[PDB]
Amino acid sequence: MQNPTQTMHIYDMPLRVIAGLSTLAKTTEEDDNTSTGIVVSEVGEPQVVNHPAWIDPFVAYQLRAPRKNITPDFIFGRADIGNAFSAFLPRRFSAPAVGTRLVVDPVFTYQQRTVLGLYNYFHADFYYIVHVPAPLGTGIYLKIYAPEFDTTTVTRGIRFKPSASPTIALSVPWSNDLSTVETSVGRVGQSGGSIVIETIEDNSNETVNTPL
Amino acid sequence: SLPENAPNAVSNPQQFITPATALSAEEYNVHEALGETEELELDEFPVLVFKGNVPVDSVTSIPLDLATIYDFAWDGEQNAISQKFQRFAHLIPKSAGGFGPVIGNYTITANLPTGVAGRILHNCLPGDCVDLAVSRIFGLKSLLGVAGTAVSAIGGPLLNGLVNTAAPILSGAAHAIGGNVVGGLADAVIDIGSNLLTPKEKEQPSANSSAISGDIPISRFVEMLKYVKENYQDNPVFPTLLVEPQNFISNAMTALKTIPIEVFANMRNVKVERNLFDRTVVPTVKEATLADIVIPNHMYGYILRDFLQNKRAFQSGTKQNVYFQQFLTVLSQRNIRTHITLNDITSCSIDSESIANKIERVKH
Amino acid sequence: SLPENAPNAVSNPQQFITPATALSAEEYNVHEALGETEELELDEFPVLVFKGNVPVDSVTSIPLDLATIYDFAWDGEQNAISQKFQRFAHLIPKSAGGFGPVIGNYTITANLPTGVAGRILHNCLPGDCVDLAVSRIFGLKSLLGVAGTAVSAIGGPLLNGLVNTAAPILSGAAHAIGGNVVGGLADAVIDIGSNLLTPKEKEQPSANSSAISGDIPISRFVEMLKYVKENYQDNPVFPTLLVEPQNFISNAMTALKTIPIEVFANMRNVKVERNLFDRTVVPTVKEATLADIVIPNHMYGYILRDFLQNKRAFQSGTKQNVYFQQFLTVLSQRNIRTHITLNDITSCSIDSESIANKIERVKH
Amino acid sequence: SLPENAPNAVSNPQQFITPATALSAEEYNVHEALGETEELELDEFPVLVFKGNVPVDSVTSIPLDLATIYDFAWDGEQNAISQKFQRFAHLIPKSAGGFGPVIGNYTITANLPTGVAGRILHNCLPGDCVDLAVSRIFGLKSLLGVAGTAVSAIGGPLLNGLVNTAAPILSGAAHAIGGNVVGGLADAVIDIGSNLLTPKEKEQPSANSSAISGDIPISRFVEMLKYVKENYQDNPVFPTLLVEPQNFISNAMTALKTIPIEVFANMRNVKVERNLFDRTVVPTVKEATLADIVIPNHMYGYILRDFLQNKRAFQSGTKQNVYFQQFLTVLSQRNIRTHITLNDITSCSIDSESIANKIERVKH
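Protein chains in written order, with PDB author numbering: chain C, 1 to 212; chain A, 1 to 364; chain A', 1 to 364; chain A'', 1 to 364. A prime marks a further copy of an entry chain.
This is the structure we're talking about:
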């Protein structure tokens, strides 16, 4: 006989985006940016993601291959937080120069930090929605992938043109050689949930206020 | 590939000298449904990992660190096994054994004339338990006392440790003068999964050559095989091959020393993921020698205990007392890092004698 | 386990050099329906009971006292066989043979180069009859004159006394370079009760290795195997292994002496009862050497008679006359105990010469 | 004849030490439907192509130029293989392998006593890629790093490199005293296409003799084998046999050097066309030695690159630095022709030391 599993309910989802973006496609049949030239994807065509913290479904590029994530449960104490107190939190960044590189580190809400603060080890998956508003004379060509070991290592990702597809969305699952890292420490050399944005070209006008 | 055969409950004594390592494989924590099999022709070259002379009646360590390994049968910078660690981030073992997930096999071979005769003890411990490796190196324990040890008698009149290839040409060498090419091709195309004899290596047996081989396990907590080289000094993953030549007398009934062997290896049991481009921090294959051994911080009291429960390590003038005075000296040093090396317990200085080495160590 | 095969009436000369020990087992007095079988993985480690050099053309005693036995392949205090005597009071043999109830097998092995060649006579007498043991040690009788003696020719071009293990991993070493692992696993999982070849040790035969082995009988009056160490000096139970290397010439046609062998043993044929906790009187394994031999009080006239019916023990300058003058001296000593030791008949002083040693003995 | 067996996808490690050369033959560019098979009895004599001593731990080149080849088992002017090149203009290979179209097999044999023991690495590269031949000769690379290499252990207790013929008489030697003629005739008349044992070479195995053999490929661009001797110095066709004896210790555990072997060859896999009469320019078999090697003009930078990616060729006092200073000197000479010889890179003079040899070469 096992000690019983108890459930708590959260009721109506703080910081939920209930009016989404119109440039982000809901189904795969209404998305053909890979076909002509707008998105050059090395990780496939985007799959549909349903998440509670965003009102409408959206297609996302799988930066890593989706898996099952073994969760070892032999020590005392286990919890499934599981999209509770979960939100899409925005931040602004300027686009880097052609040589440099931009690493976006993941964030999470205050109420997720409290409840997860009752435990020692965790793992999670991550989602990203990138939006570049492109006014008129925009000729930016960007590149997004997931970092692996150090500063120069490049993996398979997506390249896209924000003038014709302004919003892109991504799916970053948990990939690590250890399940359940320590929350405040982590493994050295881990990927985590970071993504990497890199500028390929700048074919814009002189009138566009660059570093967009 | 590389299957998981179920043994009986009791091991038959005519084949095994130790009990079985387990009655089932130990495939928890390994994420087998994760990669993608990638069979390129470069994987079918073996790696000459060790070559040279090896002392008789002393366990010899071969640190089998496949990420940074050197090939002595090839002069280039990379080889068949280490280039697999250059190209990818994640290596995933296909199947497992009684120790851990297993990624390859080794093969010990030795071409000896008939006038010498001895035997070989060999075992390959995962490195999750390096204490059992290091206790055997220092002469504190023998290889016959841990599960998985095999005994092979190279002499000889014996056809045991020998390599016969019979070149992979499509002709099969069907016009050969005065004899048959045994097991090459145009005899049988025996599968890698099956384990059969061709039909011609059944009456030959000079070309059959009963091999001296084991497997290469890793460790039973990692999910995949991402190599960082800082984390594997704290929690080691790669195994260690332990070889011990026992008797080895000559025709003058004189005990030999320092026989020549050489060890081959392959890694044909892995899946790959996360192909990497223009990276800077690489697994840095060390030119022309080897890796060494890393003893992490949480393994000190396990090495310390095994000297203390050994009556021979206390009496002076023996080989075990030399290592034990070298072990107590390194613990009294200053370590900015969290691990020591087996080479630090070989190239160290000396004091007098045992007890005062321990009283100064309980204060540091 | 360890069955009781019924032989024919007449032994075939191409397999046996002596008659059969019996045509049926001798399972009276042993209480086989008494214990409970207890198969732990520690039982599957063999014990290196003897290791070293052994003189040629002289019977060498190996006292096979399993309660107090030492392992030379392990540095610890206890081993696989003697810890079984620590934990329990009663050990019960499963089955029996022509001598007595039998509890295990031994294995003699020797790695020799091709330039020497001899033969080995071996037999293991129960110790209920220690006279037949001691008469063979002193050169008074040969091993060919008692039932149960086998002859194995270690040379050689011969693949006889050799150990090949092929490690018990679940992988089977299916990726081995240049040869097949013979009889390991992923060939066949041959049962401990059955006696078969795998399929790969049928054409190999370097890895098949026709063994030099016998069995370990105890004694035909005890009901179980409760060890006291005072009672077994008066009525001995444990057997004695007798080994004799005969010819052993070199390539220069020169007779050798003192060849190296080593003996393995296991006890996998017993049942247990009466598990014991925090005991004080233990069976006291003697560190680093052996047991010796105990000759009880009622065995003196049997040793005495066999010197008297030997024409070589009376003439001076021979090896048998040295032991016989050492035997008559110990009988004229003062024994507070009721038994003598074989070491007392080796490290004793000397007198002059034979007849006066006997006239002083009939008065004491 | 000489078939094209299809292997499996993954090579089994118990038979092969390298991956397979290809999974299909490479029969493009060869015009197999062109000649006419011509089986005369002179084709069934093998040719002793090489005979003599060969140094240990150094790759030895045997230039296998069949148009101008000498037979050391025959004193005449022509032999079985070179007369085929006298009589006809066009020789057409029947079948192919992973390297190229194949025209024959070789056989390495060596009669050794039991007191020495080593192993043999052998491979036969087509000569379309002579860089891989020459890099192995100079010690820059090993034979284990190229596909098609076999390993055979001649010792021994081993019956490997040996020739047993059992004379082709119609009697079968049915009245032979004290033993059976094994595999001669009146046992079985085993076909040249089939690959079986007779019935008597299944229990003999002294007369079975697991051979050390490979095949003789040519080159993958020619349509037939018209020999001109000016065109084959610019685009070489004939292969090169690479032999390497590795360990070879004696009974005194002393490393040998310079073992004796001998190599047989046959060419029984060709078709003929364009029979020639009273010709003047013949393929000129060189008396009593050999051919040498031709390194054409477009192969220089490939030999140059492999010295540069070798850390041992730069340090002085080694064998590779001797060849590399001899290689840079010949490139600074005056060549009226468009090729150099391996003998020019052996019998050349010396300068000082490496860097100034290259600065003077970039100007010439």
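Beta carbons: idealized from backbone N, C-alpha and C, even for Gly.
For A'':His-90, list the residues DSSP reports as bridge partners. A'':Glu-273
Counting only Cβ pairs nearer than 7 Å, list the residues of chain A close to A':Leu-159. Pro-157 and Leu-158
By DSSP, does A':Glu-27 sit in helix, in strand, or in coil? coil
Looking at the structure shown, is A:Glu-230 part of a helix, part of a strand, or coil, going by DSSP? coil
Three-state secondary structure (DSSP) of C:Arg-159: strand
I'd like to know if A':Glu-32 contacts chain A, where contact means its C-beta is closer than 8 Å to some C-beta of that chain. no
Rounded C-beta distance between A'':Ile-295 and A'':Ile-350? I'm assuming under 8 Å. Wrong, their Cβ atoms sit about 20 Å apart, outside the cutoff.
What's the gap between the Cα of A:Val-116 and the Cα of A:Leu-162? 15 Å
Beta-carbon neighbours of A:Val-10, restricted to chain A' and to distances below 9 Å: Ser-1, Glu-39, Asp-43, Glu-44, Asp-191, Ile-192, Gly-193 and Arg-268
4 or more residues per run - each alpha helix (DSSP H) lying fully within the segment 58 to 118 of chain A: 82 to 87
Proximity test, Cβ basis, 8 Å: A'':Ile-69 and chain A': no
Starting from the N-terminal side, write out each stretch of the alpha helix (DSSP H) that is 4 residues or longer and does not extend beyond the segment 76 to 144 of chain C. 110 to 115
What do you get for A'':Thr-109, buried or exposed, if any count of 16 or more other CB atoms within 10 angstroms of its CB means buried? buried
Taking the continuous alpha helix (DSSP H) assigned at A:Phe-324, which residues delimit it? 319 to 331
Taking Cβ to Cβ, would you say A:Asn-247 is nearer than 8 Å to A:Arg-119? yes
DSSP three-state label for A':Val-134, please. helix
DSSP state of A:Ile-355, grouped into three classes? helix
Is the shortest distance between the beta-carbon of A':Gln-15 and the beta-carbons of chain A less than 8 Å? no
In the DSSP assignment, the alpha helix (DSSP H) including A:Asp-306 goes from what residue to what residue? 300 to 308
Where C:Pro-14 falls, given that 16 or more other Cβ within 10 Å makes a residue buried: exposed
For A':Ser-206, collect the residues of the same chain with a Cβ closer than 7 Å to its Cβ; drop the 5 residues on either side in sequence, then sort them by chain order. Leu-159
Kindly indicate if chain A contains any beta-carbon less than 8 Å away from that of A':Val-54. no
Closest to A:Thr-338 by CA distance: which of A:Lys-358, A:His-298, A:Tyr-302 and A:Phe-307 is it? A:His-298
Please decide whether A:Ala-73 counts as near chain A'', where near means a Cβ-Cβ distance under 8 Å. yes
At what residue ranges does the segment 195 to 271 of chain A' contain a whole run of the beta strand (DSSP E), taking only runs of 3 or more? 212 to 217, 240 to 245 and 259 to 266
Less than 7 Å between C-beta atoms, sequence neighbours within five positions excluded: which residues of the same chain meet that for A:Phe-45? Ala-80
Where A'':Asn-5 sits in the DSSP three-state scheme: coil
Mark A':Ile-103 as exposed unless 16 or more other C-beta atoms lie within 10 angstroms of its C-beta, in which case mark it buried. buried
Does the beta carbon of A:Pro-93 sit closer than 8 Å to a beta carbon anywhere in chain A''? no
Select from A:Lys-311, A:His-364 and A:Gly-76 the residue whose C-alpha is nearest the C-alpha of A'':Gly-145. A:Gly-76
Continuous beta strand (DSSP E) stretch holding C:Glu-201: start and end: 195 to 202
Since A':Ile-259 contacts A':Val-56 with CB under 8 Å, what's their CB separation in whole angstroms? 6 Å
For a contact meaning CB atoms closer than 8 Å, what does A:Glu-287 contact in chain A''? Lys-311
Counting along the chain, where does the beta strand (DSSP E) carrying A'':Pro-46 start and finish? Taken as a continuous stretch (DSSP letters only), A'':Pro-46 belongs to no beta strand (DSSP E), as it is neither H nor E.
A'':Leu-132 versus A'':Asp-292: straight-line alpha-carbon distance, rounded: 16 Å
Residue-level contact to chain C via CB, A:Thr-280, 8 Å cutoff: yes
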